[PDB]
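So that the names make sense, note that chain A is the first sequence line, chain B the second, and so on, each numbered from 1.
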4 protein chains.
Amino acid sequence: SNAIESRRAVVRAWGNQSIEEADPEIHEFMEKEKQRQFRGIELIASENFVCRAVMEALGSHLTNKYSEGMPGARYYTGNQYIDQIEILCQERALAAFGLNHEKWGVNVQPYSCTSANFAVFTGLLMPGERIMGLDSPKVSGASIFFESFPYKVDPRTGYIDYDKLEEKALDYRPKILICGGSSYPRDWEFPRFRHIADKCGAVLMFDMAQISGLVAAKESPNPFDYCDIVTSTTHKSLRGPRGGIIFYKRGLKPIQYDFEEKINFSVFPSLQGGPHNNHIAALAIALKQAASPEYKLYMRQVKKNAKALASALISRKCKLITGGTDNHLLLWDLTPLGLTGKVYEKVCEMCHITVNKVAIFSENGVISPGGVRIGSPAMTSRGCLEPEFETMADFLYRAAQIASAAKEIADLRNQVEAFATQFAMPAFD
Amino acid sequence: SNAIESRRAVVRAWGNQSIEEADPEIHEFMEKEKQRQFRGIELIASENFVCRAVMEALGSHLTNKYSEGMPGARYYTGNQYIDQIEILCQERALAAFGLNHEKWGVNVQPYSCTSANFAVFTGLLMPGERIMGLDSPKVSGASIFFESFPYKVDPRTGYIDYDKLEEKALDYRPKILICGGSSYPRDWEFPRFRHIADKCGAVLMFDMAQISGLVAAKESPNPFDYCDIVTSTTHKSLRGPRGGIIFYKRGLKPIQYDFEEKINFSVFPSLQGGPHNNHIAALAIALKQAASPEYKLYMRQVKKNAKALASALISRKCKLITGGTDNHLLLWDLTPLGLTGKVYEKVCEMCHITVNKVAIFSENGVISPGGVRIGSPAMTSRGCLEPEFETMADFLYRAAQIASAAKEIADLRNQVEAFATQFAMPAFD
Amino acid sequence: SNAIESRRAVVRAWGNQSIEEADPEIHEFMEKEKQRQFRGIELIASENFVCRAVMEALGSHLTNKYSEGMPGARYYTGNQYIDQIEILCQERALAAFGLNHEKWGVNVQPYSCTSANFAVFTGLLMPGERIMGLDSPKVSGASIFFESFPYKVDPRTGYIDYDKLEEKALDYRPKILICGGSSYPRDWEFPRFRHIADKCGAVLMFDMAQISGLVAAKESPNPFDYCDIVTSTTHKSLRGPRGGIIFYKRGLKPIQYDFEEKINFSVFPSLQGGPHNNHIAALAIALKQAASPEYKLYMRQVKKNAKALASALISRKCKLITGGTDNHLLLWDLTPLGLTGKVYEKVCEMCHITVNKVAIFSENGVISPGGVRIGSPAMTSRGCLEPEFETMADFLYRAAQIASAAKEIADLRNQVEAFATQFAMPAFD
Amino acid sequence: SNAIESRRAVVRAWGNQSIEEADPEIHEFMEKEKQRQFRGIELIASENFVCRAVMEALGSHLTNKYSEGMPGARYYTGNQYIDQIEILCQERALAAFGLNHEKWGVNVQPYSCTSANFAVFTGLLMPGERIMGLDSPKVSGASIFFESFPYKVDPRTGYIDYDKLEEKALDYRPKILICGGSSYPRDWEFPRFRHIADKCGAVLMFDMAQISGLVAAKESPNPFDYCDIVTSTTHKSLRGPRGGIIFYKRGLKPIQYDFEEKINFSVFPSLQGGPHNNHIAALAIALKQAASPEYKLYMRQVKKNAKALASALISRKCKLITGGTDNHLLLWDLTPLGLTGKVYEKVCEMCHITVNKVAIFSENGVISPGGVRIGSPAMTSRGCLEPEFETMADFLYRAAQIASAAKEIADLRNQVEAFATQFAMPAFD
């Protein structure tokens with residue numbers, strides 16, 4: 001039919017336009033942002049670069065299909081292939097962390113790690129029961145609808161005070177004891193948490209926001225040997241898309257485990273709509289890489305690049321909280337240098353160096369504004385080895401040296417850009 | 001440096017792989033799903049096809065940047081270009097609906113319409129205050145943390161009973177009166193809601209889940225002349241990515257309006273993490289199209305394709321709830337034909353026809369399982385005009401005729417596939 | 001010992017003083033009030049006159065023993081005889097209402113009927129769950145801690161609309177459906193409440209504040225044939241001391257009944273301290289009286305006196321809500337006469353007539369302030385028969401005639417006093 | 001009239017019967033209890049002996065008038081004289097504790113100290129907000145409807161650890177910080193509580209259940225110098241009737257004070273019905289006595305009798321918690337003697353000695369069941385001086401010697417009786 005043929009040309013002329021054709025203004029901004037990422041140093045601990053395959057999935061046709069529900073029993077029919085993808089993504093999630101499907105289940109639908117945590121609480125608690133997690137020195141949604149009693153690192157050392165923690169948890173008796181989160185540069189002592197959770201009758205939950213990739217690479221201690229629930233992000237050290245994961249115990253107890261029905265129903269229909277199918281397939285791709293040998297090398301390099309950068313700052317008499325790092329991030333007290341995190345943040349940005357401020361403690365226990373947080377995963381994905389992270393520490397210290405005027409920035413920005421533009425940007429050129 | 005050059009080839013060999021190279025198994029499933037969409041009839045009222053530009057944004061590099069916060073005051077530095085994009089997206093959102101920035105504000109960060117509704121409640125209510133929305137004939141997250149008292153359509157007619165509604169709202173006095181949602185095939189009488197909300201002291205909220213595109217095209221009544229809050233999806237009639245929007249009143253009242261601080265803080269940091277930057281730029285692209293003249297033609301055709309399909313079913317003595325539709329969807333009572341929605345759902349799927357079941361009322365007021373819901377936006381984007389929606393009604397009725405055996409399916413599937421494969425699939429060939 | 005002997009004189013010198021000796025000022029005020037009760041007409045439906053036995057119990061030595069707990073299981077020792085009194089009082093309560101101890105249990109410790117109702121809610125419900133009771137045309141403690149959705153009488157008739165109530169209860173699904181309370185001048189239809197409670201899954205509670213003596217005397221329908229929980233006052237028509245009672249079902253269901261442990265534990269130790277031993281023994285005396293033939297004659301006179309007062313107002317063309325009464329109280333609309341309840345209230349008081357105002361409806365549906373409530377138990381305990389209640393109707397009407405003029409109050413007060421002093425006052429001379 | 005005359009005989013025949021006439025069975029039980037109090041040693045710290053004036057008020061005609069509301073603003077009319085009594089009682093309460101009416105207000109309606117505490121919470125706090133008080137080593141109504149985080153004494157010493165308490169309060173940030181309650185044998189340090197309350201932003205409440213007479217007599221530190229709210233019982237050391245009191249700050253702050261309207265409205269109509277008029281007049285009598293020189297001598301003897309009983313146990317090598325007492329009560333650890341509190345409890349009862357068991361700590365930190373609590377107000381009101389409290393220590397110890405053998409109980413009971421009957425019983429002969 002000639003009418004049907006001209007109908008196809010109308011669809012294609014709309015459906016098949018590129019960004020530069022369809023929205024010149026958005027394309028201009030998206031190109032300026034590609035240059036910004038290529039021409040700067042990315043030291044924000046929670047940033048990374050996704051590969052092209054992850055990007056192809058993110059920008060694919062699976063979003064056209066609505067898939068409310070969980071695989072196998074879907075609200076909408078026509079999900080044969082979306083179901084395969086999500087099951088494969090579930091299987092790969094269990095495999096990346098060496099989990100057995102008879103002891104662990106996994107939900108890959110949370111829109112983010114925050115939603116995933118909130119989903120755990122909603123599934124396991126009545127509104128107003130007691131949770132107890134780590135706070136940085138009614139804001140969060142968890143503390144609006146639940147009673148939350150955050151614990152704190154020892155101001156004097158930067159490390160968690162586990163004895164005070166056991167006292168608090170025993171006194172308060174939360175239903176969920178949460179470890180993980182914020183920006184803690186050392187290893188969590190999962191045995192002591194398990195011991196504490198056992199004594200006070202709480203479920204033990206690990207939020208692996210910042211370190212899921214290290215755990216997968218067997219380069220951080222394994223929470224799954226000790227926790228009952230583990231949630232994670234998918235975009236940080238894992239290098240997948242935005243999103244979150246909920247892992248939970250299954251089967252008989254050391255009466256069965258309760259989590260699976262409650263958590264699934266809490267994700268949908270309670271708190272979310274349909275899943276972001278494009279994100280789920282992208283995560284399948286990232287989770288298949290998280291289990292590769294190549295990815296284990298990357299994570300080892302992340303850990304080694306963070307150490308090399310820490311050491312270079314230590315050799316310039318910088319005060320780092322806990323004195324270093326076990327993982328990929330480090331917290332730098334700028335108060336000795338007479339600087340605040342806010343001021344330093346803005347000077348670094350003037351030099352194509354992105355860091356972010358964080359609240360820290362002074363030795364005496366007062367909250368200081370002079371904290372900055374940095375990390376290695378992003379520039380490690382761009383190819384940087386240890387010599388380059390030492391150079392970057394030199395940029396960082398020089399920026400601080402400048403900000404102690406509280407002109408010469410042009411030199412630093414020129415040097416940072418000359419430096420950064422030497423390294424590939426994944427999925428582009 | 002030769003070392004730095006080989007470092008670039010390592011990054012590129014990982015960063016620049018395609019799906020078919022990097023994950024053959026996921027690529028197989030994603031290709032089977034492209035064929036499924038191309039070779040079938042998509043009649044689920046909430047599905048649509050995104051264009052390539054939207055897809056290019058969805059699969060772009062903006063996700064590498066973390067952008068916690070709202071534009072202008074960001075937690076992380078380095079968001080100059082992401083801020084531009086989100087502001088442009090905010091401006092375009094106001095423009096698509098003819099809103100003035102001095103009377104309306106907009107947040108484009110909700111991960112979905114559900115999150116966006118939940119965000120409104122969290123920002124405006126204490127846990128446990130009274131909301132009152134429309135229900136289909138403690139499940140939802142809103143009813144877990146808030147006291148919710150759903151109202152119902154008149155079982156006898158399918159239409160909302162506004163007099164009973166005014167009585168209920170006056171008796172119960174909710175803090176928020178919500179219209180919109182589920183799968184209501186007629187126009188909402190915003191004047192009566194405003195009248196009812198005024199009498200009982202509630203804020204008036206419209207959830208335009210299903211009809212945001214019609215509203216934008218000035219082809220459905222305008223909620224913004226009457227509501228105080230309007231939330232919407234972004235992937236259904238709008239043809240953007242997944243996501244939600246919150247619009248809210250600003251400035252002086254007919255003491256200023258309160259919504260802006262509360263709703264923004266509820267989206268972040270309370271309930272969400274950082275925004276899905278790729279989704280926001282994709283939405284900017286879709287919102288710039290939603291305001292075009294071409295898009296107004298598309299929506300007019302959606303409305304006309306839904307009517308043509310309704311009429312063709314009416315001429316075969318099908319019972320449709322309210323007897324037709326004002327918009328893009330229609331609800332079909334299959335009980336006369338001696339069928340349930342579940343059974344019919346599975347037979348259609350055997351013929352590459354996707355519909356979804358919904359609960360409906362019988363005339364006497366008992367809940368019937370024989371409801372099915374269908375809609376026109378998806379196949380309208382593939383180019384279908386009214387003659388093709390009449391053909392599709394013929395497929396639908398024949399499928400029902402078959403399912404009254406409660407063999408000849410091969411003929412129907414063959415005919416549906418021969419039919420569907422005549423129409424372009426946006427962004428592909 | 002001389003020492004020990006003189007120590008007795010000191011104790012007696014303090015312990016054995018009369019009120020007039022020890023507190024002349026309080027004695028003066030208490031004599032003024034005794035005169036006021038004797039020289040006045042007491043027409044407040046809630047008031048009555050306790051006998052000397054009740055007063056001797058209220059003013060006895062049982063208060064000296066602290067008795068936290070329930071009988072047979074008390075916190076303290078020394079309760080051998082207090083236990084027997086509370087047991088006897090429990091047994092007499094069951095007997096007064098014809099109840100069998102292995103289908104009904106009873107707790108006589110509540111400090112007041114309000115406490116008793118709140119104790120039931122605390123025991124049976126989680127904080128924030130739904131109750132539904134009658135309201136007069138946040139305030140109550142029940143509505144602060146639970147979600148209350150009150151129902152109302154039909155404004156046009158004064159009677160409850162059981163069809164609107166069944167609708168509301170099915171829509172709202174309360175966990176407790178309460179009847180009784182306020183000042184309903186007619187019989188509750190317990191069979192309809194039982195049917196409504198059954199359809200929506202609620203516990204059926206009757207608060208028999210006003211009519212508990214009428215029920216005891218078999219002059220009002222028996223709530224225990226239908227309810228699951230029955231609370232009551234003890235000082236109104238029962239003529240006992242201040243306090244409340246909780247009756248609850250026991251044993252097998254037509255799994256055992258839940259209430260006993262939950263309700264007792266809510267009374268003590270959750271909401272109350274030790275019981276008022278003086279009040280429990282007083283109640284034992286009143287409950288023994290309530291089961292006797294003489295009390296049945298008193299309640300019959302109470303009904304006949306209220307009926308005679310009503311008919312006398314009716315012949316003066318007064319408008320009474322529902323047009324009369326089934327029990328001991330009536331509601332009178334003073335709007336036609338051009339008076340407010342509060343204006344008429346204070347005029348009556350000048351004439352030694354105590355009544356109290358109440359909110360009522362007008363025939364349309366607006367709240368009228370011209371309601372007054374009166375009832376017969378107090379003056380029936382003073383000996384008045386039907387002729388004396390017709391005299392009192394004449395006083396009431398003449399008082400209203402005076403207040404429509406807004407002096408000759410003096411004449412009406414003197415007539416009320418000459419009238420009221422004709423009648424004995426229980427327990428004095 | 002002959003009719004009217006015979007009607008008086010009927011009323012008098014019922015109204016004027018004695019308990020012995022009207023209820024022989026209750027009279028028998030009440031005489032048995034009068035003997036039991038007279039022939040026993042009452043060492044329960046909570047008990048006391050009301051005088052005849054208090055009993056005549058408790059057994060008077062004021063109960064016949066219903067009096068919902070606060071004085072000067074009552075629901076009903078006819079309250080001219082009841083108002084003056086409650087005013088007088090309010091004034092005497094302020095006077096007994098040296099308070100000025102334009103810095104402190106008082107509500108004398110609470111049915112019990114427990115009711116009074118709960119009324120304060122309901123008035124000052126939203127449901128689900130945080131209180132923090134002392135617990136003995138969900139249960140209480142406060143913890144069902146609010147979030148309670150109890151603090152505890154230092155197990156090793158019996159004293160409160162004010163440094164751990166300041167830490168807890170800063171961590172938990174309660175809205176009300178409560179001191180007082182349970183059975184603390186030592187002085188509360190109000191200055192530290194005020195400092196803790198200030199640092200964490202809480203209202204400071206003192207529940208003076210046990211020591212309200214000592215405070216009135218100036219024999220215990222004055223809580224009103226530091227607290228914002230003070231509740232109290234009325235029947236323990238005050239020797240009044242059962243009931244409670246709420247004192248609250250008024251007027252300008254060192255914006256006005258919030259408590260008055262919130263607290264009064266919580267008492268009535270939220271949580272209670274009308275007040276117990278007989279109890280309010282009784283309290284007026286007790287409060288007048290409490291401000292008199294004679295009462296100050298009684299409380300001094302109460303302190304000296306408790307001190308003499310303690311020293312006698314101490315010389316028998318008993319272990320008392322904190323080693324003694326500042327007030328009227330002491331706690332005794334029976335673990336060294338090899339006894340449980342409950343075993344010793346029931347033995348004492350066989351010898352006409354009333355004590356009650358309590359939970360205590362061992363020196364390590366485990367809960368011991370071997371606690372017993374005793375105190376001096378009851379037998380001091382019967383006339384005992386220090387020598388008689390030393391005799392009583394000998395009874396107590398000899399009782400414990402018997403129970404370590406787990407007969408010669410008979411000898412000890414007969415000695416207790418011969419001893420106890422030496423002493424007068426207030427208000428009888």
Side-chain angles (χ1 to χ4, degrees), chain A residues 4 7-8 11-12 14-19 22-23 26 29-30 32-34 36-37 44 46-47 49 51-53 55-56 58-61 64 66 76-78 81 84-85 111-112 114 127 139-141 145 242 269-273 276 281 284-285 288 345 349 354 356 383 422 424 426-427, chain B residues 4 7-8 11-12 14-19 22-23 26 29-30 32-34 36-37 44 46-47 49 51-53 55-56 58-61 64 66 76-78 81 84-85 111-112 114 127 139-141 145 242 269-273 276 281 284-285 288 345 349 354 356 383 422 424 426-427:
Chain A
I4 288 172
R7 225 53 204 115
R8 284 195 208 97
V11 169
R12 287 184 81 262
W14 156 78
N16 285 55
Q17 282 194 323
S18 67
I19 292 202
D23 193 352
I26 276 295
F29 286 144
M30 299 187 49
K32 286 187 188 163
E33 167 64 17
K34 180 154 58 243
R36 189 206 73 70
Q37 296 182 12
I44 295 187
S46 58
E47 288 187 351
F49 292 93
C51 64
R52 162 130 84 69
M55 274 174 183
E56 295 195 334
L58 277 180
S60 74
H61 56 268
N64 296 327
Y66 213 21
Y76 292 0
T77 50
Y81 298 127
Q84 302 278 50
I85 289 169
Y111 298 138
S112 72
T114 301
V139 176
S140 102
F145 303 108
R242 312 303 185 97
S270 291
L271 297 174
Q272 303 197 160
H276 297 178
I285 291 177
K288 164 187 165 99
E345 208 175 34
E349 186 181 28
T354 60
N356 63 271
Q422 265 186 328
Chain B
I4 288 172
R7 225 53 204 115
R8 284 195 208 97
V11 169
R12 287 184 81 262
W14 156 78
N16 285 55
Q17 282 194 323
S18 67
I19 292 202
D23 193 352
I26 276 295
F29 286 144
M30 299 187 49
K32 286 187 188 163
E33 167 64 17
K34 180 154 58 243
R36 189 206 73 70
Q37 296 182 12
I44 295 187
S46 58
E47 288 187 351
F49 292 93
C51 64
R52 162 130 84 69
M55 274 174 183
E56 295 195 334
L58 277 180
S60 74
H61 56 268
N64 296 327
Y66 213 21
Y76 292 0
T77 50
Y81 298 127
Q84 302 278 50
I85 289 169
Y111 298 138
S112 72
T114 301
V139 176
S140 102
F145 303 108
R242 312 303 185 97
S270 291
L271 297 174
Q272 303 197 160
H276 297 178
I285 291 177
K288 164 187 165 99
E345 208 175 34
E349 186 181 28
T354 60
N356 63 271
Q422 265 186 328

Does some side-chain heavy atom of [Y] sit less than 4.5 Å from a side-chain heavy atom of [X]?
X: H276(B); Y: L58(A); value: no
X: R242(A); Y: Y66(B); value: yes
X: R52(B); Y: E56(B); value: yes

Pick from [options] with the largest number of heavy-atom pairs that fall under 4.5 Å of chain A:
options: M55(B), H61(B), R7(B); answer: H61(B)
options: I44(B), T114(B), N16(B); answer: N16(B)
options: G141(B), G78(B), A281(B); answer: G78(B)
options: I26(B), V11(B), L271(B), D23(B); answer: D23(B)

task = Measure from the side-chain N and O atoms of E33(B) to the backbone N and O of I85(A), and report whether any donor-acceptor pair falls under 3.5 Å.
result =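 No: the side chain of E33(B) does not pair with the backbone of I85(A).
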
query = Is it the side chain or the backbone of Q37(A) that comes within 4.5 Å of chain B heavy atoms, both, or neither?
reply =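 Contact with chain B involves the side chain of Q37(A) alone.
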
ask   = So how far is it from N356(A) CG to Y76(B) OH, rounded to the nearest 0.5 Å?
value = 4.5 Å

Most chain B-contacting option - heavy-atom pairs closer than 4.5 Å, from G273(A), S270(A), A424(A), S112(A) =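 Highest number of heavy-atom pairs under 4.5 Å: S270(A).
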
ask   = Taking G59(A), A284(A), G383(A), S60(A) one by one, which has the highest count of heavy-atom pairs under 4.5 Å against chain B?
value =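 Ranked by contacts with chain B, first place is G59(A).
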
Checking heavy atoms, do the side chain of [X], its backbone, both or neither come under 4.5 Å from chain A?
X: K288(B); value: side chain
X: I285(B); value: both
X: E47(B); value: both
X: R36(B); value: side chain

Least distance between heavy atoms, [X] atom then [Y] atom:
X: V139(B); Y: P269(A); value: CG1-CG, 3.7 Å
X: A427(A); Y: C51(A); value: CB-C, 4.2 Å
X: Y81(B); Y: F29(A); value: CB-O, 4.1 Å

